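The structure appears right after this line, and notes come after that.
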Amino acid sequence: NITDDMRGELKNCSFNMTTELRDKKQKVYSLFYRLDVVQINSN
Amino acid sequence: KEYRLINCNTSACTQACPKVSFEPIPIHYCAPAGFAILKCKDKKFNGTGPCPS
Amino acid sequence: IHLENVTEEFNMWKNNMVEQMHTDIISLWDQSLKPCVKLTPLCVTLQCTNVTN
Amino acid sequence: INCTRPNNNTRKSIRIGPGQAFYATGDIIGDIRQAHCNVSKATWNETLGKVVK
Amino acid sequence: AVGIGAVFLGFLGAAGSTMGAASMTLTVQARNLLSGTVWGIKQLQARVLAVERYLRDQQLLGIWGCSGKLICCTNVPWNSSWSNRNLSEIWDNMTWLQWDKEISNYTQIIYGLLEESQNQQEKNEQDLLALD
Amino acid sequence: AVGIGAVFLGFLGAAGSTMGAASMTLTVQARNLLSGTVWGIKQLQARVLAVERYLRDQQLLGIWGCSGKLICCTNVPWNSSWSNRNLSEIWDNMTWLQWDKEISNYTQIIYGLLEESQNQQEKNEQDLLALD
Amino acid sequence: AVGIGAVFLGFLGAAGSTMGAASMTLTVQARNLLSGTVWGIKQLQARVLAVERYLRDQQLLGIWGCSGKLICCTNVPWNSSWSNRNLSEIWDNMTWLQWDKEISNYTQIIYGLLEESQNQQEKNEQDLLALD
Ligand SMILES: *[C@@H]1O[C@H](CO)[C@@H](O[C@@H]2O[C@H](CO)[C@@H](O[C@@H]3O[C@H](CO[C@H]4O[C@H](CO)[C@@H](O)[C@H](O)[C@@H]4O)[C@@H](O)[C@H](O[C@H]4O[C@H](CO)[C@@H](O)[C@H](O)[C@@H]4O)[C@@H]3O)[C@H](O)[C@H]2NC(C)=O)[C@H](O)[C@H]1NC(C)=O
Ligand SMILES: *[C@@H]1O[C@H](CO)[C@@H](O[C@@H]2O[C@H](CO)[C@@H](O[C@@H]3O[C@H](CO[C@H]4O[C@H](CO)[C@@H](O)[C@H](O)[C@@H]4O)[C@@H](O)[C@H](O)[C@@H]3O)[C@H](O)[C@H]2NC(C)=O)[C@H](O)[C@H]1NC(C)=O
Ligand SMILES: *[C@@H]1O[C@H](CO)[C@@H](O[C@@H]2O[C@H](CO)[C@@H](O[C@@H]3O[C@H](CO[C@H]4O[C@H](CO)[C@@H](O)[C@H](O)[C@@H]4O)[C@@H](O)[C@H](O)[C@@H]3O)[C@H](O)[C@H]2NC(C)=O)[C@H](O)[C@H]1NC(C)=O
Ligand SMILES: *[C@@H]1O[C@H](CO)[C@@H](O[C@@H]2O[C@H](CO)[C@@H](O[C@@H]3O[C@H](CO[C@H]4O[C@H](CO)[C@@H](O)[C@H](O)[C@@H]4O)[C@@H](O)[C@H](O)[C@@H]3O)[C@H](O)[C@H]2NC(C)=O)[C@H](O)[C@H]1NC(C)=O
Ligand SMILES: *[C@@H]1O[C@H](CO)[C@@H](O[C@@H]2O[C@H](CO)[C@@H](O[C@@H]3O[C@H](CO)[C@@H](O)[C@H](O)[C@@H]3O)[C@H](O)[C@H]2NC(C)=O)[C@H](O)[C@H]1NC(C)=O
Ligand SMILES: *[C@@H]1O[C@H](CO)[C@@H](O[C@@H]2O[C@H](CO)[C@@H](O[C@@H]3O[C@H](CO)[C@@H](O)[C@H](O)[C@@H]3O)[C@H](O)[C@H]2NC(C)=O)[C@H](O)[C@H]1NC(C)=O
Ligand SMILES: *[C@@H]1O[C@H](CO)[C@@H](O[C@@H]2O[C@H](CO)[C@@H](O[C@@H]3O[C@H](CO)[C@@H](O)[C@H](O)[C@@H]3O)[C@H](O)[C@H]2NC(C)=O)[C@H](O)[C@H]1NC(C)=O
Ligand SMILES: *[C@@H]1O[C@H](CO)[C@@H](O[C@@H]2O[C@H](CO)[C@@H](O)[C@H](O)[C@H]2NC(C)=O)[C@H](O)[C@H]1NC(C)=O
Ligand SMILES: *[C@@H]1O[C@H](CO)[C@@H](O[C@@H]2O[C@H](CO)[C@@H](O)[C@H](O)[C@H]2NC(C)=O)[C@H](O)[C@H]1NC(C)=O
Ligand SMILES: *[C@@H]1O[C@H](CO)[C@@H](O)[C@H](O)[C@H]1NC(C)=O
Ligand SMILES: *[C@@H]1O[C@H](CO)[C@@H](O)[C@H](O)[C@H]1NC(C)=O
Ligand SMILES: *[C@@H]1O[C@H](CO)[C@@H](O)[C@H](O)[C@H]1NC(C)=O
Ligand SMILES: *[C@@H]1O[C@H](CO)[C@@H](O)[C@H](O)[C@H]1NC(C)=O
Ligand SMILES: *[C@@H]1O[C@H](CO)[C@@H](O)[C@H](O)[C@H]1NC(C)=O
Ligand SMILES: *[C@@H]1O[C@H](CO)[C@@H](O)[C@H](O)[C@H]1NC(C)=O
Ligand SMILES: *[C@@H]1O[C@H](CO)[C@@H](O)[C@H](O)[C@H]1NC(C)=O
Ligand SMILES: *[C@@H]1O[C@H](CO)[C@@H](O)[C@H](O)[C@H]1NC(C)=O
């Protein structure tokens with residue numbers, strides 16, 4: 001339910017991250033503004 | 001059976017250097033210039049109140 | 001130096017020296033532990049069993 | 001000047017490591033609207049006129 | 001080496017004595033006033049604070065025209081309003097601490113009066129000397 | 001409590017007054033000169049710098065034989081080369097800042113002359129007293 | 001601009017001269033005594049140490065009733081036990097360093113004697129003035 005002017009401003013990003021134990025990892029998701037993430041070059 | 005260190009969800013410990021000694025040593029506290037330290041020599045002093053010695 | 005004919009009011013509980021030296025001890029302990037090894041890699045899953053020895 | 005972000009943001013805590021907490025933006029409750037700032041048109045116009053003079 | 005020692009007038013140990021008797025040991029305490037990166041800074045700050053305290057006291061003494069003198073008479077009259085008493089019971093019966101406790105209320109007005117009297121005396125002396 | 005306040009001779013607020021009129025408030029500023037791990041060190045350094053400045057000024061005053069005195073006459077003659085003027089227009093018309101601006105050029109030679117005169121006077125007094 | 005320079009009485013370069021001849025340059029060295037986060041703290045500590053040393057020396061001078069004076073006579077007699085010699089060979093043949101080396105043993109007793117004499121003189125003067 002994003003307005004017309006907020007198209008692409010917010011991005012839902014999921015990634016792996018180290019937990020309290022280094023050998024274990026957790027897949028977590030968050031939201032980031034478009035001015036905080038840059039694409040790297042399908043997927 | 002899997003176990004973890006009790007501190008892992010709180011903080012990371014800092015292992016003490018083995019050469020460092022934990023043995024307590026006598027220490028003295030001295031006031032700087034312009035200040036004085038008063039000692040109550042009364043043997044029946046109960047921690048608070050007047051002291052004549 | 002004994003202070004003849006001198007009576008002084010003492011109060012152990014409302015003494016700044018106790019708090020001051022406690023803070024000094026805490027700070028000195030932290031400073032001593034600062035250069036030592038940081039034991040963060042130990043936070044790993046451990047396979048633990050009992051000791052029948 | 002009234003500056004507002006109307007999105008109902010949610011804070012989520014993630015345990016990076018020992019005592020390391022990362023705060024992330026979770027799912028937004030309700031509608032999503034652009035953050036905006038409002039000013040009085042007449043007051044701004046009169047201030048701009050005084051500045052111009 | 002016949003049993004002699006030091007027997008030196010030391011610290012405030014004479015504070016319990018009388019006014020005049022304790023006036024003997026003023027200079028030893030005056031000299032003691034200058035006895036001598038997270039802890040060295042604190043001890044240096046303590047030393048500097050003691051230095052400023054002593055220097056401010058010396059400046060106050062100099063402002064009243066009493067620099068370099070442990071005892072210095074002044075032209076300010078002693079108003080009886082502060083504490084009448086009499087001379088005999090002061091210098092022979094009362095200690096310094098009791099006197100400080102009694103006269104702790106009016107110290108600032110005494111300091112101001114000494115300041116004003118010394119300034120007036122300095123100007124009068126300058127005018128008199130320029131007259132000659 | 002009838003409307004009274006403080007009415008105290010404060011800071012340099014009297015600098016705009018005349019020479020003699022501003023000479024009243026020298027001591028208050030003299031007292032003010034001692035008003036009182038990355039930021040505490042800087043403020044301590046500022047305090048120590050102020051302390052050294054005041055102590056150097058006191059040493060300079062003592063070297064000229066004027067220690068402990070706000071006003072101290074000296075034996076050095078006032079050469080007219082620096083600024084002739086006359087006494088009447090100085091102490092009643094000109095301010096301290098204007099005088100400092102005018103005489104800022106020859107301050108060091110005045111300091112040296114006062115030094116030499118005081119040293120000569122001290123030696124002459126020592127010889128005269130040893131004569132007696 | 002005819003070849004002139006400074007020709008100023010500077011540092012201890014006159015120490016090799018005689019007693020009386022070297023007494024000329026006491027004040028220049030006295031002024032020099034105040035010449036002016038791991039290294040700034042150390043240099044600040046050095047400055048503060050110099051400040052305390054000079055201030056302690058000034059306090060010692062004031063305690064003996066000689067504040068503000070480079071040369072100050074005293075009422076303490078000169079016992080011949082320390083170094084008899086005679087006046088002529090002292091102020092015209094021996095240097096300051098040799099005298100300090102010779103008299104380095106009994107400095108503390110001299111300081112104590114000057115202290116006691118000044119205190120006694122101050123009390124006697126106070127009593128005499130109160131008599132008038
Ligand atoms: C950013 O992107 C992330 C993923 O990268 C999104 O997170 C996912 O969001 C979806 C949609 O809400 C979540 O799916 C829902 O999760 C809930 C839990 O489901 C449980 O049960 C099902 C089986 O019933 C299991 O498979 C599942 O693992 C859970 O145990 C429920 O709210 C939902 O179930 C309901 O709806 C479905 C719809 O068909 C029905 O079939 C079910 O019967 C039931 O009624 C649904 O499963 C998903 O779990 C999230 N994943 C994670 C990892 O969190 C974020 O939402 C997205 N953010 C934004 C702002 O878009
Ligand atoms: C602590 O307080 C004590 C009690 O006041 C002090 O004792 C006093 O000490 C002084 C000397 O320092 C004495 O003064 C001397 O006293 C007598 C005078 O005679 C009178 O006293 C004697 C003995 O008490 C008595 O026999 C006579 O009848 C008189 O009454 C003479 O020796 C001298 O002239 C001199 O004045 C005080 O008398 C004495 N007071 C007493 C004992 O009550 C003590 O000194 C104080 N301590 C300090 C460190 O100051
Ligand atoms: C800032 O500058 C002002 C202007 O110079 C200062 O005003 C001066 O204030 C002083 C006192 O502080 C006055 O001195 C008094 O003046 C008169 C002498 O009579 C003459 O002046 C009056 C009034 O101007 C005039 O009616 C007569 O005909 C004379 O010409 C007497 O009351 C006293 O004896 C005393 O000398 C100055 O006259 C006055 N100057 C003026 C008003 O031009 C002011 O004080 C300065 N501010 C500070 C803080 O120093
Ligand atoms: C380092 O030590 C040198 C050796 O002692 C010092 O030289 C001395 O300098 C002073 C002046 O500063 C001279 O005093 C003058 O001497 C003569 C007196 O006549 C006698 O000496 C001359 C020359 O030696 C000789 O011809 C006569 O017969 C006498 O024996 C007069 O000019 C003055 O009145 C005044 O007294 C010393 O004589 C001189 N001593 C010598 C050359 O042995 C030198 O000054 C020292 N350096 C410092 C920086 O102090
Ligand atoms: C977080 O870590 C997980 C677990 O390692 C990563 O998932 C892995 O992603 C790779 C790359 O896409 C997968 O390889 C591919 O998988 C399929 C099935 O074989 C196929 O497309 C390719 O042949 C290739 O092998 C891998 O299977 C997958 N592992 C698991 C257990 O799902 C993930 O990419 C990491 N990053 C994020 C942001 O989640
Ligand atoms: C800053 O100014 C803008 C523009 O005036 C404000 O947006 C406007 O806000 C009002 C009050 O919330 C909205 O009215 C409401 O809109 C909906 C749809 O009708 C409904 O909730 C209510 O019935 C009511 O009419 C209005 O639509 C909205 N937009 C415009 C273009 O006027 C904004 O609220 C101001 N911000 C602040 C912090 O004052
Ligand atoms: C920014 O927001 C503030 C409030 O946070 C706005 O001020 C408020 O403005 C409203 C009208 O929009 C005022 O209500 C009216 O006030 C008076 C009586 O107080 C009267 O005209 C009406 O009966 C009505 O109640 C409200 O009082 C006022 N609040 C304050 C604290 O001033 C402000 O207008 C907003 N600015 C912009 C540029 O939108
Ligand atoms: C998701 O958003 C992206 C941008 O993050 C959309 O891709 C284009 O983005 C540019 C600006 O970078 C816009 O001008 C285009 O209109 C966007 N669309 C296309 C088709 O090029 C993308 O379309 C969005 N949708 C999906 C499903 O990824
Ligand atoms: C870190 O882990 C320890 C060990 O599990 C937690 O201590 C327990 O916390 C639970 C919480 O339900 C209590 O019921 C237990 O009694 C606690 N055990 C002990 C021995 O105290 C601790 O709370 C965790 N810390 C954080 C911040 O989550
Ligand atoms: C998003 O929009 C759809 C379509 O109008 C609506 O059904 C849904 O409830 C909305 N979701 C939220 C969370 O408002
Ligand atoms: C501002 O005020 C002026 C008159 O001062 C008026 O002409 C103008 O229309 C107003 N608005 C703007 C946007 O300038
Ligand atoms: C001091 O005054 C009091 C009160 O009048 C008196 O009793 C006492 O004797 C006086 N002391 C003297 C005169 O030494
Ligand atoms: C000093 O003033 C306080 C109140 O500020 C009063 O209680 C006390 O009695 C005063 N002391 C004297 C000695 O007058
Ligand atoms: C000061 O000297 C000037 C210049 O000669 C003269 O005009 C003025 O009247 C003098 N001021 C006096 C004498 O007060
Ligand atoms: C001081 O010297 C400067 C040049 O160094 C000169 O311009 C100025 O006029 C001099 N001031 C006075 C008051 O002589
Ligand atoms: C100093 O005393 C010595 C030793 O008696 C003597 O030789 C010398 O001449 C004296 N100096 C004088 C009198 O100037
Ligand atoms: C000073 O005392 C030392 C021993 O402490 C002795 O060797 C030396 O000769 C003495 N000096 C004088 C000048 O008497």
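Identifiers in the structure tokens: chain A, B, ... in order shown; residue index from 1 per chain; ligand index from 1 in order shown.
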Could you build a table of the residues in chain D lying no more than 7 Å from ligand 1, giving for each the nearest pair of atoms and their separation in Å rounded to one decimal place, using only C-alpha atoms and all ligand atoms, ordered by chain and ascending residue number, as JSON lines?
{"residue": "D:26", "atom": "CA", "partner": "ligand 1", "partner_atom_place_in_ligand_line": "60 (C)", "distance": 7.0}
{"residue": "D:27", "atom": "CA", "partner": "ligand 1", "partner_atom_place_in_ligand_line": "60 (C)", "distance": 4.3}
{"residue": "D:28", "atom": "CA", "partner": "ligand 1", "partner_atom_place_in_ligand_line": "60 (C)", "distance": 6.2}
Contact residues (chain D, partner chain C, 12 Å, only C-alpha atoms) as a list in words: residues 16, 17, 18, 19 and 20 of chain D
For the residues selected in the previous step, produce a file with N, CA, C and O atoms as an mmCIF file, in the first residue's frame.
data_model
loop_
_atom_site.group_PDB
_atom_site.id
_atom_site.type_symbol
_atom_site.label_atom_id
_atom_site.label_comp_id
_atom_site.auth_asym_id
_atom_site.auth_seq_id
_atom_site.Cartn_x
_atom_site.Cartn_y
_atom_site.Cartn_z
ATOM 1 N N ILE D 16 23.940 -9.665 16.507
ATOM 2 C CA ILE D 16 25.082 -9.884 15.624
ATOM 3 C C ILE D 16 26.106 -10.792 16.295
ATOM 4 O O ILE D 16 26.619 -11.737 15.684
ATOM 5 N N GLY D 17 26.424 -10.517 17.556
ATOM 6 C CA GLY D 17 27.387 -11.304 18.286
ATOM 7 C C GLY D 17 27.232 -11.154 19.785
ATOM 8 O O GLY D 17 26.131 -10.935 20.301
ATOM 9 N N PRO D 18 28.339 -11.276 20.516
ATOM 10 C CA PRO D 18 28.280 -11.103 21.974
ATOM 11 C C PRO D 18 27.996 -9.662 22.364
ATOM 12 O O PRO D 18 28.866 -8.794 22.242
ATOM 13 N N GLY D 19 26.781 -9.400 22.839
ATOM 14 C CA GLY D 19 26.407 -8.056 23.234
ATOM 15 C C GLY D 19 26.317 -7.064 22.099
ATOM 16 O O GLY D 19 26.341 -5.855 22.341
ATOM 17 N N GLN D 20 26.210 -7.539 20.860
ATOM 18 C CA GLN D 20 26.106 -6.678 19.687
ATOM 19 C C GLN D 20 24.672 -6.743 19.178
ATOM 20 O O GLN D 20 24.222 -7.791 18.702
#
At most 9 Å from ligand 15 (only C-alpha atoms and all ligand atoms): residue list as a PyMOL selection string: chain F and resi 82-83+101-106
Write a file of the just-selected residues containing N, CA and C atoms, as a short mmCIF file (atom, residue, chain, number, x, y, z; two decimals), in the first residue's frame.
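Result written to result-v5.cif:
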data_model
loop_
_atom_site.label_atom_id
_atom_site.label_comp_id
_atom_site.auth_asym_id
_atom_site.auth_seq_id
_atom_site.Cartn_x
_atom_site.Cartn_y
_atom_site.Cartn_z
N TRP F 82 58.50 59.65 24.28
CA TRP F 82 57.44 58.67 24.06
C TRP F 82 56.12 59.36 23.74
N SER F 83 55.61 60.16 24.67
CA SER F 83 54.40 60.94 24.44
C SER F 83 54.42 62.12 25.40
N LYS F 101 47.14 52.00 23.46
CA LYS F 101 47.37 52.07 22.02
C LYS F 101 48.50 53.04 21.69
N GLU F 102 48.54 54.19 22.37
CA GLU F 102 49.56 55.19 22.09
C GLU F 102 50.95 54.71 22.52
N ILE F 103 51.05 54.08 23.69
CA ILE F 103 52.35 53.75 24.27
C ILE F 103 52.73 52.29 24.04
N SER F 104 52.02 51.60 23.15
CA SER F 104 52.32 50.19 22.90
C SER F 104 53.69 49.98 22.26
N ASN F 105 54.29 51.03 21.69
CA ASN F 105 55.53 50.86 20.94
C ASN F 105 56.74 50.70 21.85
N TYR F 106 56.79 51.44 22.96
CA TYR F 106 58.00 51.55 23.77
C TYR F 106 57.88 50.82 25.11
#
Contacts of residue 29 in chain G within 10 Å, only C-alpha atoms, excl. fewer than 5 positions in-chain, as a VMD selection string: chain G and resid 9 to 12 34 to 35
Residue 45 in chain B surroundings by only C-alpha atoms, 12 Å radius, close-in-sequence under 5 positions cut, as a ChimeraX atom specification: /B:39-40,50-53 /C:8-12
Distance filter 12 Å around ligand 10, atoms: only C-alpha atoms and all ligand atoms, out as an mmCIF file with C-alpha atoms, in the first residue's frame:
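Below is the file that was written, pocket02.cif:
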data_model
loop_
_atom_site.group_PDB
_atom_site.id
_atom_site.type_symbol
_atom_site.label_atom_id
_atom_site.label_comp_id
_atom_site.auth_asym_id
_atom_site.auth_seq_id
_atom_site.Cartn_x
_atom_site.Cartn_y
_atom_site.Cartn_z
ATOM 1 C CA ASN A 1 0.000 0.000 0.000
ATOM 2 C CA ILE A 2 2.670 2.477 -1.115
ATOM 3 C CA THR A 3 1.657 5.795 -2.637
ATOM 4 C CA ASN D 7 5.011 5.821 8.564
ATOM 5 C CA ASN D 8 4.473 3.597 11.613
ATOM 6 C CA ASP D 27 7.282 -4.281 8.590
ATOM 7 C CA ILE D 28 5.436 -0.960 8.535
ATOM 8 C CA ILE D 29 1.960 -1.076 10.077
ATOM 9 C CA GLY D 30 -0.692 0.486 7.873
ATOM 10 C CA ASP D 31 -0.346 2.821 4.931
ATOM 11 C CA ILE D 32 2.989 4.186 3.706
ATOM 12 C CA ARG D 33 3.255 7.904 2.954
#
Shell of 12 Å around residue 4 in chain D, only C-alpha atoms, local chain residues under 3 positions omitted, as a VMD selection string: chain D and resid 1 7 to 8 33 to 39
10 Å contacts from chain B to chain C using only C-alpha atoms, as a PyMOL selection string: chain B and resi 1-9+11-18+20+29+38-41+45-53
Exercise answer, chain G residues close to chain E, 9 Å and only C-alpha atoms, as a ChimeraX atom specification: /G:37-38,41,45,48,51-52,55-56,59-68,115,119,122-123,126
Residue contacts of residue 20 in chain E (9 Å, only C-alpha atoms) excluding same-chain residues fewer than 6 positions away, as a list in words: residues 90, 91 and 92 of chain E
I need the residues from that last selection saved to file as a compact mmCIF listing (two decimals), in the first residue's frame (with N, CA and C atoms), if you can.
# COMPACT_ATOMS: atom_id res chain seq x y z
N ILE E 90 40.08 35.44 74.37
CA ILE E 90 40.25 34.99 72.99
C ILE E 90 41.59 34.29 72.80
N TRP E 91 42.68 34.98 73.12
CA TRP E 91 44.02 34.48 72.83
C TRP E 91 44.55 33.50 73.87
N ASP E 92 43.79 33.23 74.93
CA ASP E 92 44.23 32.32 75.98
C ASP E 92 43.26 31.20 76.31
Distance filter 9 Å around ligand 12, atoms: only C-alpha atoms and all ligand atoms, out as a PyMOL selection string: chain E and resi 84-89
Can you spit out the residues from that selection as an mmCIF file, in the first residue's frame, using C-alpha atoms?
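File produced: again.cif:
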data_model
loop_
_atom_site.group_PDB
_atom_site.id
_atom_site.type_symbol
_atom_site.label_atom_id
_atom_site.label_comp_id
_atom_site.auth_asym_id
_atom_site.auth_seq_id
_atom_site.Cartn_x
_atom_site.Cartn_y
_atom_site.Cartn_z
ATOM 1 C CA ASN E 84 32.266 41.349 71.193
ATOM 2 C CA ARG E 85 34.024 38.993 73.657
ATOM 3 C CA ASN E 86 37.287 40.432 75.006
ATOM 4 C CA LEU E 87 40.981 40.071 74.267
ATOM 5 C CA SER E 88 41.861 38.021 77.360
ATOM 6 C CA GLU E 89 39.465 35.129 76.720
#
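Counting from CA of residue 21 in chain F, the distance to CA of residue 50 in chain F is 27.1 Å.
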